[PDB]
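I'd like to ask some things about the structure below.
Since every read-out is calculated from the coordinates, none of them should be taken as a lab result. Cβ atoms come from the backbone with ideal geometry, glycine included; neighbour counts cover every protein chain shown.
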Amino acid sequence: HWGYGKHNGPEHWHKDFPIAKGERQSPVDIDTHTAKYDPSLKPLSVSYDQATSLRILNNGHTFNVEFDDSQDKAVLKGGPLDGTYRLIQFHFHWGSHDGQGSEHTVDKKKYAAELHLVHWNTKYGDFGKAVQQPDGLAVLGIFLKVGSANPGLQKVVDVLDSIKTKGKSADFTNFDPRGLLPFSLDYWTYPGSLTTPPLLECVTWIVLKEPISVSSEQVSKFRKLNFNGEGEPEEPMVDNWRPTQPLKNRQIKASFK
Ligand SMILES: [Zn+2]
């Protein structure tokens, strides 16, 4: 019912999801000169040592790596957050070519891809309750810059040929998401939304300044996925990104001076 095509794409999402034109929509452009250091931010704590990946799936929009979120096995704390946020899945957005694909931009520059690690606030008990609250979700956003091959991505790349069409999934256990993090956790933060329908304004965005690498060959494997289901005309899964939205009455804060 929604997608990234001419008919069903970001320019038309507002018809069925009028919040698409709301106060706190994502992604946004990050102006690095006007994002101000915020000394009230606490240190950011990523605790992924016990993370338990389960499956990888093509949902017709991207591919998701799903985690066991029945316990505090992989959590995000600190920074702008109050309380504990549990990892439920991560996924990517990417382009048709290396010069586009990210959702957030930095001084109007696009990266080749962007990684989203989605976490929900445990005080709401269940992801489905959390997404209804303004402090329900915390999404780590990590930019991918084409350069050297990334070993922490390779297990993902290697399984993508098994989930080429919408609705396919594969077993995906023992994947360590720490291998997808940059070495510095310096970040920008702002209040926003899911970047796909239903576009709910429940997200504390934490966008890391340091990108991770991806080889040309690795991102080319992302582009061999398809939006369509089996037996339908082929629609390559590329350019599954929403363009940036107006900042409106928000500020982007920096964790670093
Ligand atoms: Zn995303």
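Here is a yes/no grid of residues against (1) out of contact with any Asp or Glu (no Cβ under 7 Å at 6 or more places or on another chain); (2) among the hydroxyl-bearing types (S, T, Y):
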| position | (1), (2) |
| --- | --- |
| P182 | no, no |
| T189 | yes, yes |
| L199 | yes, no |
| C202 | yes, no |
| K209 | no, no |
| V214 | yes, no |
| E217 | yes, no |
| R223 | yes, no |
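Also: Name the single residue that is farthest from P134 (Cα to Cα) among those in the range 224-257 being among the charged types (D, E, K, R) and within 17 Å of the chain's Cα centre (by Cα).
Quick first cut of the range 224-257, residues among the charged types (D, E, K, R) only: 224, 230, 232, 234-235, 239, 242, 248, 250, 253, 257.
Subset that is within 17 Å of the chain's Cα centre (by Cα): 239, 242.
Numbers: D239: 28, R242: 21 Å.
Filtering first and then ranking leaves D239.
Of the conditions (1) within 16 Å of the ligand (Cβ to nearest atom); (2) touching a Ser or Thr at 6+ places or on another chain (Cβ under 9 Å), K145 satisfies every one except a single condition; which number is it?
(1)
Kindly evaluate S102 against the criterion of being away from the ligand (no atom under 14 Å from the Cβ), of a type in the set (S, T, N, Q) and outside any strand (DSSP E or B).
Considered against the rule, which asks whether it is away from the ligand (no atom under 14 Å from the Cβ), of a type in the set (S, T, N, Q) and outside any strand (DSSP E or B), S102 comes out as no.
Same structure again: May I ask you to list the residues in the range 105-135 that are away from the ligand (no atom under 16 Å from the Cβ) and in a strand (DSSP E or B)?
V106, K109, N121
Can you find a residue in the range 89-103 that is farther than 23 Å from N226 by Cβ and out of contact with any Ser or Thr (no Cβ under 7 Å at 6 or more places or on another chain)? Let's see the steps before the verdict.
Of all residues in the range 89-103, those farther than 23 Å from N226 by Cβ come to none.
Scanning the range 89-103, I find no residue that is farther than 23 Å from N226 by Cβ and out of contact with any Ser or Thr (no Cβ under 7 Å at 6 or more places or on another chain), so the answer is no.
May I pose another question? For residues in the range 7-22 being in contact (Cβ under 8 Å) with a residue 40 or more places away in the chain and assigned to a helix (DSSP H, G or I), which is surrounded by the fewest Cβ atoms within 10 Å (Cβ to Cβ)?
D16
Given the conditions (1) assigned to a strand (DSSP E or B); (2) free of Cβ contacts under 8 Å to residues at least 12 places away in the same chain, and given that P39 satisfies all but one, which numbered condition is not satisfied?
For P39, the failing item is (1).
Across the range 76-99, what is the number of residues that are assigned to a strand (DSSP E or B), of a type outside the set (G, A, S), more than 16 Å from the ligand (Cβ to nearest atom) and surrounded by fewer than 22 Cβ atoms within 10 Å (Cβ to Cβ)?
1
Regarding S70, is this residue farther than 30 Å from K123 by Cβ and among the small types (G, A, S)?
no
Can you go through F67, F17 and tell me which one is over 19 Å from the mean Cα position of the chain (by Cα) and among the hydrophobic types (A, V, I, L, M, F, W, C)?
Values: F67 fails: over 19 Å from the mean Cα position of the chain (by Cα).
Matching residue, one of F67, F17: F17.
(1) without any contact (Cβ under 8 Å) to a residue 40 or more places away in the chain; (2) among the charged types (D, E, K, R); (3) assigned to a helix (DSSP H, G or I): which one isn't true of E217, the others all being true?
Tallying (1) without any contact (Cβ under 8 Å) to a residue 40 or more places away in the chain; (2) among the charged types (D, E, K, R); (3) assigned to a helix (DSSP H, G or I), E217 fails exactly one: (1).
Does the range 174-223 hold any residues that are closer than 18 Å to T32 by Cβ and surrounded by 20 or more Cβ atoms within 10 Å (Cβ to Cβ), and which are they?
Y187, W188, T189, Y190, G192, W205, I206, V207, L208, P211
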